[PDB]
A.B. asks: 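First, the structure itself, so that you have it in front of you.
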Amino acid sequence: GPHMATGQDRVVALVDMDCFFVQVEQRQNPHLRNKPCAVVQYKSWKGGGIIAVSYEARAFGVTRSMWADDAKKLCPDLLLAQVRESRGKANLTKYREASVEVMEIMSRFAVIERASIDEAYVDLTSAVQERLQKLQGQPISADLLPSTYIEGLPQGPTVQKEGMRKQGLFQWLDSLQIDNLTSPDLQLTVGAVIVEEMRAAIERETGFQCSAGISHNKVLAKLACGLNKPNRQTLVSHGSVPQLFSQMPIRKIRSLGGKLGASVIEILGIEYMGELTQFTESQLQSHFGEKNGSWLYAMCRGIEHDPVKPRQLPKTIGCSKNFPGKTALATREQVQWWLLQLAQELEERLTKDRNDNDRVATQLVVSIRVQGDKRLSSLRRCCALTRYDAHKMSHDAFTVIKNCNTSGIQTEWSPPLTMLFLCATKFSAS
DNA sequence: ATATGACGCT
DNA sequence: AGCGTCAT
Ligand SMILES: Nc1nc2c(ncn2[C@H]2C[C@H](O)[C@@H](COP(=O)(O)NP(=O)(O)OP(=O)(O)O)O2)c(=O)[nH]1
Ligand SMILES: [Mg+2]
Ligand SMILES: [Mg+2]
């Protein structure tokens with residue numbers, strides 16, 4: 001009752017760019033705008049693999065991971081942009097730089113946690129508090145929320161999408177209690193107003209559109225964001241959670257899309273997030289461990305406490321290439337040469353990072369995958385990163401992995417390598 | 001033949 | 001330290 005925490009203490013948003021790599025390419029090449037478009041890596045094998053898809057192209061059934069040749073069967077007029085290739089590998093610099101454009105704008109509004117190349121969490125609790133004082137108990141006009149959906153509304157006693165959106169927003173705003181500066185629903189609403197402003201700034205200053213979720217924690221904000229993509233934002237209130245979760249597959253919640261979510265489903269014999277409320281915290285901990293059990297118990301009630309970490313920069317800087325099928329590296333010369341290529345890209349990115357961000361990496365992690373191994377990494381080894389020198393880094397990387405070669409012959413490498421991955425880590429201020 | 005980032009477990 | 005998980 002009076003002592004039961006409701007997880008309504010924060011206002012958290014998740015902003016995620018719409019078909020991000022596609023928009024980067026469309027901004028650069030106007031011919032690609034408002035068309036079925038995708039971004040692909042490489043070209044020779046089946047036209048290249050698709051990693052981003054415009055919403056026009058999604059309507060034809062084009063998806064991530066599809067070969068471009070196959071996508072063209074679904075969508076004959078599909079337009080394609082190719083990721084830059086440098087030193088024989090994909091070079092994502094253009095998208096990293098576009099990412100920085102967007103992150104720097106978001107950082108004007110609040111503390112952000114960079115969560116991927118195209119999304120950040122925003123802790124809006126403080127910004128909301130101050131905007132509420134500036135408000136002076138003034139009601140919030142629907143005009144301040146022109147792209148916002150209120151999840152779960154409208155309800156009770158129109159046939160077009162925008163009509164529905166407005167009806168729900170009207171019901172929400174009509175019920176809002178603006179006299180109470182501590183109403184979590186009011187706080188979320190003000191959060192949504194700020195996120196409209198943030199999203200307008202991003203679009204004005206970069207040309208890129210994005211979607212957002214506004215809720216009380218990161219998991220609900222992320223879930224909310226996806227509900228009305230593209231170019232819209234969604235408010236998920238604490239009160240919306242029971243109905244929302246009552247038919248929400250467990251795998252849709254962040255961190256439950258993998259083996260843990262599958263075991264929840266299998267062990268408990270349930271399908272939906274809301275069904276978790278029926279178990280005690282101890283029961284959940286008995287099946288999934290102390291940490292996961294506590295997290296699940298709280299999360300199925302809409303409660304989560306993971307903070308928005310003050311971190312706009314990546315923690316590691318890495319370079320990797322897969323060598324699939326018959327391209328697997330099978331000679332020592334092959335292995336040293338590709339380590340050199342990776343290390344040259346890494347050197348350029350590290351030197352740039354040191355100039356921009358006043359820090360230096362101090363450890364180099366070398367990861368490989370061997371043919372026949374379905375794991376991401378077959379083996380990781382580390383060494384000291386003392387110099388931003390590509391020849392030294394590649395030589396050192398070879399030194400720490402050369403043991404893995406089970407070949408009796410000098411020139412040969414076995415088992416053949418299906419991935420090389422260099423990652424610079426353990427940054428120190430510089 | 002579906003680049004590379006954060007983080008947990010031991 | 002090195003491996004496993006989840007993710008975009
Ligand atoms: N090299 C590479 N890039 C990838 C991969 N997966 C995603 N990207 C790149 C490509 C993505 O454009 C970008 C952002 O990932 P999302 O936010 O999950 N998808 P998007 O923004 O495209 O569409 P929307 O959010 O509207 O659903 O990350 C991959 O597996 N490999
Ligand atoms: Mg996106
Ligand atoms: Mg994303």
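Throughout, protein chains are lettered first and strands after them, A, B, ... in sequence-line order, and every chain is numbered starting at 1.
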A.B. asks: Can you tell which of C/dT5, B/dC9, C/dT8 lies closest to the side chain of A/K291?
C.D. replies: B/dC9
A.B. asks: A/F21 near the nucleic acid: base, sugar-phosphate alone, or nothing, with a heavy-atom cut-off under 4.0 Å?
C.D. replies: nothing
A.B. asks: When we call it a touch if two heavy atoms are under 4.0 Å apart, what does A/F20 touch: a base, just sugar-phosphate, or nothing?
C.D. replies: nothing
A.B. asks: Taking atom types as modelled and ignoring hydrogens, do the side chains of A/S414 and A/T406 form a donor-acceptor contact shorter than 3.5 angstrom?
C.D. replies: yes
A.B. asks: Determine the contact category for A/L92: base if any of its heavy atoms lies under 4.0 Å from a base atom, sugar-phosphate if only primed atoms, P, OP1 or OP2 are that close, otherwise nothing.
C.D. replies: sugar-phosphate
A.B. asks: C/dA7 phosphate, OP1 or OP2: any side-chain N/O from A/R64 under 4.0 angstrom?
C.D. replies: no
A.B. asks: A/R380 side chain: which of C/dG4, C/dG2, C/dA7 is closest?
C.D. replies: C/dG4
A.B. asks: For the side chain of A/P324, counting heavy atoms from C-beta on, which of B/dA3, B/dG8, B/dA1 is nearest?
C.D. replies: B/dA1
A.B. asks: Establish, for the pair A/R301 and A/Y297, whether the NZ or CZ atom is under 6.0 angstrom from the six-membered ring centre and no further than 45 degrees off its axis.
C.D. replies: yes
A.B. asks: Look at the side-chain N and O atoms of A/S377 and state whether any lies under 4.0 Å from the OP1 or OP2 oxygen of C/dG2.
C.D. replies: no
A.B. asks: Is A/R10 salt-bridged to A/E304, going by a charged N under 4.0 Å from an acidic O?
C.D. replies: no
A.B. asks: Quick one: label A/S65 by what it contacts on the DNA or RNA (base, sugar-phosphate, nothing), any heavy atom closer than 4.0 Å.
C.D. replies: base
A.B. asks: Does A/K89 have a side-chain nitrogen or oxygen under 4.0 Å from the phosphate oxygens OP1 or OP2 of B/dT4?
C.D. replies: yes
A.B. asks: Is A/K309 touching bases, backbone alone, or none of the nucleic acid, heavy atoms closer than 4.0 Å?
C.D. replies: sugar-phosphate
A.B. asks: Below the 4.0 Å mark, does B/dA6 have OP1 or OP2 next to a side-chain nitrogen or oxygen of A/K315?
C.D. replies: no
A.B. asks: Whether A/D18 and A/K229 form a salt bridge (side-chain N of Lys/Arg under 4.0 Å from carboxylate O of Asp/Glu) is what I want to check.
C.D. replies: yes
A.B. asks: OP1, OP2 of B/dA3 versus side-chain N and O of A/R369: anything below 4.0 Å?
C.D. replies: no
A.B. asks: Counting just side-chain N and O atoms, does A/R311 come under 4.0 Å of either OP1 or OP2 of B/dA6?
C.D. replies: yes
A.B. asks: Check whether any side-chain nitrogen or oxygen of A/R254 sits under 4.0 Å from OP1 or OP2 of C/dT8, and answer yes or no.
C.D. replies: no
A.B. asks: Has A/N322 got a side-chain N or O lying under 4.0 Å from the OP1 or OP2 atom of B/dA3?
C.D. replies: yes
A.B. asks: Can you check whether A/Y95 has a side-chain N or O nearer than 4.0 Å to OP1 or OP2 of C/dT8?
C.D. replies: no
